[PDB]
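A short worksheet on the structure shown next.
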Amino acid sequence: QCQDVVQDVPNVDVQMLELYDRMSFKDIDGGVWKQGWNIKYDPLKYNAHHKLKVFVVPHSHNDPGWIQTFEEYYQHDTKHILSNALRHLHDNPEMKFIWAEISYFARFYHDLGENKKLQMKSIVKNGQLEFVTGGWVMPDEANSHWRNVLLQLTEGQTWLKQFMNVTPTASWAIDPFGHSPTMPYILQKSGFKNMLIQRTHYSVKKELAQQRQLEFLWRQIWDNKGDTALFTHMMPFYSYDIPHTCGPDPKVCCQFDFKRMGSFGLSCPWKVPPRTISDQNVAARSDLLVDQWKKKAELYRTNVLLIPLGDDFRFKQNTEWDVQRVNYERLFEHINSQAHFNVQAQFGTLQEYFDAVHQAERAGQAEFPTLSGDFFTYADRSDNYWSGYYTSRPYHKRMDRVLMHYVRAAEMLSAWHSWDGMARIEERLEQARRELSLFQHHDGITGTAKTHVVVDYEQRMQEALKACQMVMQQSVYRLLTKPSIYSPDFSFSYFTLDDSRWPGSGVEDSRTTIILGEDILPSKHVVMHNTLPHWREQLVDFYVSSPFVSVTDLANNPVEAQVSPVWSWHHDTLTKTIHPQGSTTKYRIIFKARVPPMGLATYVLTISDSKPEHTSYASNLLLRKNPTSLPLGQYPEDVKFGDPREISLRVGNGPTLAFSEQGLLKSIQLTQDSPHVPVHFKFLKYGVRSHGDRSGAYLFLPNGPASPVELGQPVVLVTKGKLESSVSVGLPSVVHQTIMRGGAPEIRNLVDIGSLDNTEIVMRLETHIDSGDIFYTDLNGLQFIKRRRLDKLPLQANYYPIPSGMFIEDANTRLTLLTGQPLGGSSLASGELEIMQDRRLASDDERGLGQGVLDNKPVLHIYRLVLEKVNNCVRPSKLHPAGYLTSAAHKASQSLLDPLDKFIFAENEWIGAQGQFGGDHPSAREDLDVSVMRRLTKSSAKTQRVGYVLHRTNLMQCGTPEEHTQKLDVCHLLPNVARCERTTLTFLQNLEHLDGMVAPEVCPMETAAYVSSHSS
Ligand SMILES: *[C@@H]1O[C@H](CO)[C@@H](O)[C@H](O)[C@H]1NC(C)=O
Ligand SMILES: N[C@@H]1C[C@H](O)[C@H](O)[C@@H]1O
Ligand SMILES: [Zn+2]
């Protein structure tokens, strides 16, 4: 039976929200362990029959971009680290090394001669070089979507299986800025047995260390039974560098970083340098080091101790390999032979550490606590909370979500067929997956890299978008053209993509107008794709060169349509106002597209000489004092003008929205009867401190609560149509738009912070919902976690990642804000929600980036706003740490992240065109998604294989029958199935051979992967 994820509160030893409520977070000086205490141990704890086993694990943290680009670091540092690791591990059989970032390792290995490839394979096979995690990168855990965490994990592990014949089962995450339970969720479903984390709040490290709870079985917050649990090691100290990994006193541990004696340009800030180990000092040196090790061991439950030995881009020079290796070997020889220490120390790997810990556990020497929750928001010291990077470089955060969807759609659309090598499908998909995967790095999507590195990530993602477009349009042409007519040129553009929300109106004028005319071209085919596994209707829009356009399906049935002007906003330097201009040569046509599950639907746009029967025209009202005319070319309705005033709008039988005279929402009425519920949007600004620590790309250090943006008398544009209405207003730094299509409104903000230095712009919602101190935010687009706003912590500590949505509720009412981009946000008072839009910061914030954030560019942020009655919903109890979306909020999120794709046929006539693809595909319940569909074999494989990742969310029961759907069996989506297997989520291991070749659907909050084999 499926676990109930709502009604049983798991019993765990440590529940992070409960721990937060209880903890006092006092920042006291703990002595040499600044954020701890003076650790004491009983020397008689170890003896001949109970020794301390110490694993020193050499490592090198290699950022795939940060202060230099990926390729710059590869040429300057990483290729030398890997070349010298190969040499020194080969020559020194007891030395060990771990490696995390497969993007760099693949970059290196493919440039090796065969002789060196063979030597590399041998030091991996014999266990000297060990891959940890084996993702393409070490990803951010706050802003990343779980689908892209899995994508990058799969990209790295598929490479490693192919070329190194290994699949890591231990994860190493020493640098992401706070940690998410989405990681153990994905890793445990991908064969992992152990993971390690580091950047958790210094007060959490102290609290868990005092209880010896730094090693725990980390389960998901809803998991009563514990089947999601993954053994997790949290490192105890302030950094992963050598001063903070040997033991609690960095002034002592720095003396054991043998790269700091001077010739390498490094030194010890605690003013005592390392000394070369010799026969004359090894006993004293070992005394000092073993005492640090035994203090660190006090914080953990077994007699097996992990000592990382590394730092950023370490193990580069041959002289550095020698100075670390030779000095540690001298220490190990002395320590291991001096019975009075009762220690056995050696170089080891991460897996070796975890294997020895679990051998101790099985021998009955330790029992580990259970834990649920997350580790946000991180602070490394004092009040320095790392909530700034939840928003930094928001243009690229939004681009991540656009590319996420494009990769999914290109892999799915092209998976239906096998393609000849000449089509370059696999090549373009590999490039797209790798550039998106690279951006999941903890200096990519986080917005914490130097300006020229951000430009490199953007250029890579632009090439990845172009790759996706090529694959998608080739696939649409093949899926919708009569097979005996299909005659592809794999370099040709049969369709171009039309995307209404990226980069966005006002960000780039990149959309193509469909040009129709009696003397050039009467009509145009367009095609919509729906990547979701259920039938979808959704309004779509295109630019057209006439307002007199009508739409038909490919059975020539008329489709109701609305035409609206194309409005653009200009900051007018002559009048010093922000106001809209309408085009006099292009127009927007909007209509409802109905598209099969995982399918395609074709429509035709036809010009006529006059208003067509099934096309209506929106009215337009410009509210401002001092108006001037707004001609619209051939558009048949004249614009109307008026002074600023409150206005109300309703589309279809949907909610009625009321707006202030400044163009901002004031209330929502859900039904014709019901109350006008206050829901007010407001824009505010945070500044930066003029004394003490400055906000930068990582840190948010506001100078108090936000202050309202002074709005003046902004110009408001109201467009009212049968199918779509909107209110748009030109505010300082934001063109804010509320769009209504008959259900939950859509909000679009065109955010241009301009030259406003030391400013963070926030969008706040004010309501009467009696939420108190509780609010909910998501983790990686996968789950919603309960937050409690703690007044004992500063403002910036109450900011959390908002990777896809947030909500507040009381007994009767909920307000959910869904996002199309990860941003930071909070609820700083009962009834409020707020989300940061952009931040422009002049100073560096002392974490090594060496710049502020002064490279802002206009970005179009998108949202959905769902106000709902929830008193009839079956919700978790007050003690449950999770929350769950309603059906309407989940569908609104899907509308933002995986919209219909739109294709415009590029030539004048499409011969052989077909009207639909996928009409026979099952329309699966609403809580189930086909997150990934990917063909895993090239055309030369006799047995083709297609992989699917199926995710089922959990939606609240609120009494809507909402029913009859068809079972989805992904293993029968392609014909001639010969086998169906359940696999790990990376597709790399078969877990179950399935009866009747049927892939079962999954339980709420579960994710499974299946591979179908076809003998076609
Ligand atoms: C891959 O490793 C497995 C595990 O022992 C081994 O049996 C197999 O032969 C290896 N494949 C090769 C040799 O590349
Ligand atoms: N350890 C530092 C943090 C910075 O953001 C970059 O990821 C470096 O590795
Ligand atoms: Zn890093």
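Converting from the sequence shown to PDB author numbering requires adding 29 to each position, the first position being numbered 1. Ideal placement from N, C-alpha and C gives every residue a C-beta, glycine not left out.
| query | DSSP state of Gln866, grouped into three classes? | reply | The residue you call residue 866 lines up with position 837 of the sequence shown. Strand at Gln866.
| query | If you check the beta carbons only, do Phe160 and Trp188 fall under 8 angstroms apart? | reply | Sequence index remark: in the sequence shown, residue 160 carries index 131 (1-based). Sequence index remark: in the sequence shown, residue 188 carries index 159 (1-based). No, they are not a contact pair.
| query | Nearest CA to the CA of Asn885: which residue from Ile891, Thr420, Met45, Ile306? | reply | Taking the first residue of the sequence shown as 1, we reach residue 885 at position 856. Of the listed residues, the one whose Cα sits closest to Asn885 is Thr420.
| Quick one: what does DSSP say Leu794 is sitting in, helix, strand or coil? | As a working note, residue 794 is residue 765 in the sequence shown. Strand, per DSSP.
| task | Look up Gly759 in the DSSP assignment and say whether it is helix, strand or coil. | result | Residue 759 sits at position 730 when you count from the first residue of the sequence shown. Of the three classes helix, strand and coil, the one that applies to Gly759 here is strand, per DSSP.
| field | Simplified DSSP assignment, three categories, for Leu295 | value | Residue 295 sits at position 266 when you count from the first residue of the sequence shown. If DSSP states are grouped into helix, strand and coil, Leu295 belongs with coil.
| said: Assuming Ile831 and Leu852 are in contact, meaning their beta carbons sit under 8 angstroms apart, how far apart are those beta carbons, in whole angstroms? | reply: Start at 1 with the first residue of the sequence shown, and residue 831 comes out as number 802. Start at 1 with the first residue of the sequence shown, and residue 852 comes out as number 823. Right, their Cβ atoms sit about 5 angstroms apart.
| Beta carbon shell of ligand 3 at less than 6 angstroms from a heavy atom | This selection yields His90, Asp92, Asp204, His471.
| request: Give the range of the beta strand (DSSP E) segment to which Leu896 is assigned. | output: As a working mapping, residue 896 is identified with position 867 in the sequence shown. Where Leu896 is concerned, the enclosing beta strand (DSSP E) stretches over 888-898.
| field | Helix, strand or coil at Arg248 [DSSP, three-state] | value | Stepping through the sequence shown from its first residue, residue 248 is reached at position 219. In the structure shown, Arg248 sits in coil (DSSP, three-state: anything other than H, G, I, E or B).
| said: Any heavy atom of ligand 2 closer than 7 angstroms to the beta-carbon of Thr796? | reply: Against the sequence shown, residue 796 aligns to sequence position 767. No - ligand 2 has no heavy atom lying nearer than 7 angstroms to the Cβ of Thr796.
| message | I'd like to confirm something about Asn194: is its beta-carbon nearer than 7 angstroms to some heavy atom of ligand 1, or not? | response | Taking the first residue of the sequence shown as position 1, residue 194 is located at position 165. With a cutoff of 7 angstroms, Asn194 counts as near ligand 1, since its C-beta is closer than that to a heavy atom of the ligand.
| request: In angstroms with no decimal places, state the Cα-to-Cα distance between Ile364 and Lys74. | output: As a position in the sequence shown, residue 364 is number 335, starting the count at 1. As a position in the sequence shown, residue 74 is number 45, starting the count at 1. One alpha carbon belongs to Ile364, the other to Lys74, and they sit about 17 angstroms apart.
| said: Buried or exposed for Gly725, going by 16 or more other Cβ atoms inside 10 Å? | reply: Position 696 of the sequence shown, counted from the start, is the residue given in the question as residue 725. Counting the other Cβ atoms within 10 Å of the Cβ of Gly725 gives 16 or more, which makes it buried.
| message | By the three-class DSSP mapping on this structure, what secondary structure does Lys749 have? | response | By 1-based counting over the sequence shown, the position of residue 749 is 720. Here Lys749 carries a strand assignment [DSSP, helix/strand/coil].
| query | Can you tell me the Cα-Cα spacing of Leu1002 and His643, whole angstroms? | reply | Position 973 of the sequence shown, counting from 1, holds the residue named residue 1002. Position 614 of the sequence shown, counting from 1, holds the residue named residue 643. If you take the alpha carbons of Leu1002 and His643, they lie about 37 angstroms apart.
| said: Residues in the same chain with beta-carbon distance under 7 angstroms from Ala395, minus the five sequence neighbours each way, listed in chain order, please. | reply: Residue 395 sits at position 366 when you count from the first residue of the sequence shown. Apart from sequence neighbours up to five positions away, the residues of its chain that approach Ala395 with a beta-carbon distance below 7 angstroms are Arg330, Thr331, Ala389, ordered along the chain.
| Would you report the Cα separation of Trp445 and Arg964, rounded to the nearest angstrom? | Working through the sequence shown from its first residue, we reach residue 445 at position 416. Working through the sequence shown from its first residue, we reach residue 964 at position 935. The straight-line gap from Cα to Cα measures roughly 8 angstroms.
| said: I'd like to know if the segment 601-610 and the segment 540-547 are in contact, where contact means that at least 3 CB-CB pairs between them fall below 8 angstroms. | reply: No, the segment 601-610 is not in contact with the segment 540-547.
| What's the call for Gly721, buried or exposed, on a 16-neighbour Cβ count within 10 Å? | Taking the sequence shown and counting its residues from 1, one reaches residue 721 at position 692. Classification of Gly721: exposed, given that the 10 Å Cβ count is below 16.
| message | Which same chain residues end up closer than 6 angstroms to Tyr231 when comparing Cβ atoms and leaving out the 5 residues on each side of it in sequence? | response | Residue mapping note: residue 231 aligns to position 202 of the sequence shown, counting from 1. The answer, listed in chain order, is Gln64.
| query | Relative to the alpha-carbon of residue 8, which residue among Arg343, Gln866, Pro72 has its alpha-carbon at the smallest distance? | reply | Residue 8 lies beyond the range of the chain shown here (30 to 1045); nothing can be said about it.
| Below 8 angstroms between beta carbons: does that hold for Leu246 and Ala258? | Position 217 of the sequence shown, counted from the start, is the residue given in the question as residue 246. Position 229 of the sequence shown, counted from the start, is the residue given in the question as residue 258. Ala258 is positioned such that its CB atom lies closer than 8 angstroms to that of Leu246.
| query | Exposed or buried, what is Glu753 when buried is set at 16 or more other beta-carbons lying within 10 Å of its beta-carbon? | reply | As a working mapping, residue 753 is identified with position 724 in the sequence shown. With 16 or more other Cβ atoms inside 10 Å of its own Cβ, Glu753 counts as buried.
| Can you list, in chain order, the stretches of the beta strand (DSSP E) that have 3 or more residues and sit fully within the segment 809-845? | 812-817, 829-831, 834-838, all fully within the segment 809-845.
| task | Kindly examine ligand 2 and report whether one of its heavy atoms sits closer than 7 angstroms to the Cβ of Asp672. | result | Numbered from its first residue, the sequence shown carries residue 672 at position 643. Within the chosen limit of 7 angstroms, ligand 2 does not reach the beta carbon of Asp672 with any heavy atom.
| query | Does ligand 4 have even one heavy atom less than 7 angstroms from the beta-carbon of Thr420? | reply | Ligand 4 is absent from the structure shown, which contains only ligand 1, ligand 2 and ligand 3.
| query | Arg489: buried (16+ other C-beta within 10 angstroms of its C-beta) or exposed? | reply | Along the sequence shown, one-based indexing puts residue 489 at 460. So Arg489 counts as buried.
| said: I believe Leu634 touches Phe571 by the beta-carbon criterion, under 8 angstroms. Please report the beta-carbon distance rounded to the nearest angstrom. | reply: For the purposes of this step, residue 634 is taken as the residue at position 605 of the sequence shown. For the purposes of this step, residue 571 is taken as the residue at position 542 of the sequence shown. About 7 angstroms; that satisfies the 8 angstroms criterion.
| said: Taking 7 angstroms as the cut-off, is the C-beta of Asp409 nearer than that to any heavy atom in ligand 2? | reply: On the sequence shown, position 380 is the one that residue 409 refers to. Every heavy atom of ligand 2 is 7 angstroms or more from the Cβ of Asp409, so no.
| task | Tell me, please, which residues DSSP counts as bridged to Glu861. | result | Indexing the sequence shown from 1 puts residue 861 at position 832. The secondary-structure analysis by DSSP pairs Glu861 across a beta bridge with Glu795.
| request: Pull up the distance between the alpha-carbon of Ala461 and that of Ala493, whole angstroms please. | output: Counting from one through the sequence shown, the residue named residue 461 turns up at place 432. Counting from one through the sequence shown, the residue named residue 493 turns up at place 464. A direct Cα-Cα distance of roughly 4 angstroms separates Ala461 from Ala493.
| said: Let's test the definition: count the other Cβ atoms within 10 Å of the Cβ of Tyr414 and tell me whether it reaches 16, buried, or not, exposed. | reply: In the sequence shown, the residue the question calls residue 414 occupies position 385. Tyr414 counts as buried, since at least 16 other C-beta atoms from the protein chains shown sit within 10 angstroms of its C-beta.
| Relative to the C-alpha of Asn144, which residue among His119, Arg136, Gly156 is closest? | Residue numbering aside, residue 144 sits at position 115 when the sequence shown is read from its first letter. Nearest option by C-alpha distance: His119.
| field | Residues bridged to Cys1009 (per DSSP) | value | Reading the sequence shown from its first residue, position 980 is the one you call residue 1009. DSSP lists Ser1041 as the bridge partner or partners of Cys1009.
| field | Three-state secondary structure (DSSP) of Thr211 | value | Position 182 of the sequence shown, counted from the first residue, corresponds to residue 211. Helix.
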